[PDB]
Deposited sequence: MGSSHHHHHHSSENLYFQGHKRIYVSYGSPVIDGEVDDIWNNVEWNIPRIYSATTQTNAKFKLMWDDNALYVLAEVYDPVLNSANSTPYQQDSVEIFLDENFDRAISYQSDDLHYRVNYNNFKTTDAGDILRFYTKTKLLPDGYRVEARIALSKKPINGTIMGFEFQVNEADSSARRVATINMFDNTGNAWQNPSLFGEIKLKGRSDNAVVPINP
């Protein structure tokens, strides 16, 4: 399916910009197994960047596991040119940030990836910016997929939560991502 992204430039703090409450939550519904952990996320775009605000309900937080994806984290995947390739292309991006704000990259240049995270009672918040290389304009479509790695007190990932891909191959296969179409940028203060 296709998510529609409104135009806007939020401030990366791990605080909720006023302008975030004007767009909608997205619910990832693909669970690997049954779990307490739930999530919701919002999207925005501006002339330079893609913006993501995520909130995870998760009562037990762990990142003792030295495997990045085996920590309470979230992963974002991007197909910028919208190649819907079978394997990762030169413009394909795959990053991850744990609750502590520790960033790791599976695909693409991590210098593009700017993140802050806040602890909440029984969860955390992630606010990320991704520098765009292509000039985003209304109607632009890209590949996008979102995932929540849920670990337990054993320091191991027990469950995943996915927005688009239920197969578990998002980390291999760009074509498994979903759609984001950008809209809402102007064509054109009085004190």
Missing residue ranges, deposited sequence indexing starting at 1: 1-20, 209-212
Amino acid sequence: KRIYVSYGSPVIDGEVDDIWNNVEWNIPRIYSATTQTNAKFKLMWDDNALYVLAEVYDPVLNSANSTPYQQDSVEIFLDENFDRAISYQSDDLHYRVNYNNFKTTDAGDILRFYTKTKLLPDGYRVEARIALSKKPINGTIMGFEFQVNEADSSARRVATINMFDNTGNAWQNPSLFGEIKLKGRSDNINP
From here on, numbers count along this sequence of modelled residues.
Per the entry, higher mean C-alpha B factor between 135-143 and 42-50: 135-143
Of 123-131 and 57-65, the stretch whose C-alpha atoms average the higher B-factor in the entry: 57-65
Cα B factor band for residue 168 (lowest, middle or highest third within the chain): middle
Residue 30 CA temperature factor, ranked by third within the chain: lowest
Lowest, middle or highest third - CA B-factor, residue 88: highest
Residue 174 by Cα B-factor - lowest, middle or highest third of the modelled chain: highest
Chain third (lowest, middle, highest) by recorded CA B-factor, residue given as residue 98: lowest
